[PDB]
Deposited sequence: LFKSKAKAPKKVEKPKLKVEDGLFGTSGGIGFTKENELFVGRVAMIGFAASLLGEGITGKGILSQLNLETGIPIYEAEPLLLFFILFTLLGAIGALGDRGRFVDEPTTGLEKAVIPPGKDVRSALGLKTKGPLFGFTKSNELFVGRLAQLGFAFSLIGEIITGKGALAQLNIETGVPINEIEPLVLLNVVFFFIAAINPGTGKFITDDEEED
């Protein structure tokens, strides 16, 4: 009927919030996962779009390329900063992913695919800003691999990222408390 009084356990303030703080402020791992999916689809669409048109994504979006970074649209620079900070989990990494207590990707695997996507996307965008060359052209130049031999390998990436972006992942999200 009446519950016994519980000796209140010393609650732990976890340092996994915005820039590491413990004040419960910042993205959860779920938020990060979503943002990561958006980056997966964006990166994939960038590569596919360039593979089809021959033009980088920023060029297709009517933005100036082949310019120093300080001349680029500040909104683009902000998106790049956001993407990078998110990739390293600086915008908050609150909570945990755990195995479903009881054979594809787990939610954490998904999270890391998302972070890799964020890195590659940010790097490719900065690259296009400075050089005027899209992610595919950059890949061709830096790998030494001819375009015809790099196209299928890139198409495999587009498919990989697209599938990953829709895959929920196994396991469950758990709040710090």
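Missing from the model, relative to the deposited sequence, are the stretches 1-5, 108-133, 209-212.
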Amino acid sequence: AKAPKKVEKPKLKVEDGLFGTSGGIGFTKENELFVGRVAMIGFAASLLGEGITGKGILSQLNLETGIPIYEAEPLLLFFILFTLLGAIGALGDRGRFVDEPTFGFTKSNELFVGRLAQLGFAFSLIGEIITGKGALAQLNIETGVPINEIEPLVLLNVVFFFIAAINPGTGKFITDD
From here on, numbers count along this sequence of modelled residues.
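Comparing 162-170 with 6-14, the higher mean C-alpha B-factor in the PDB entry belongs to 6-14. Comparing the deposited coordinates for 115-123 and 48-56, the stretch with the larger average C-alpha B-factor is 48-56. Compared with the other modelled residues of the chain, the Cα B-factor recorded for residue 146 ranks in the highest third. Per the PDB record, residue ranking by Cα B-factor puts residue 110 in the lowest third of the chain. Residue 131: CA B factor lies in the lowest third for its chain, per the PDB record. Among the modelled residues of its chain, residue 22 has a C-alpha B-factor that falls in the highest third according to the deposited record. Among all modelled residues in this chain, the alpha-carbon of residue 41 has a temperature factor (C-alpha) in the lowest third.
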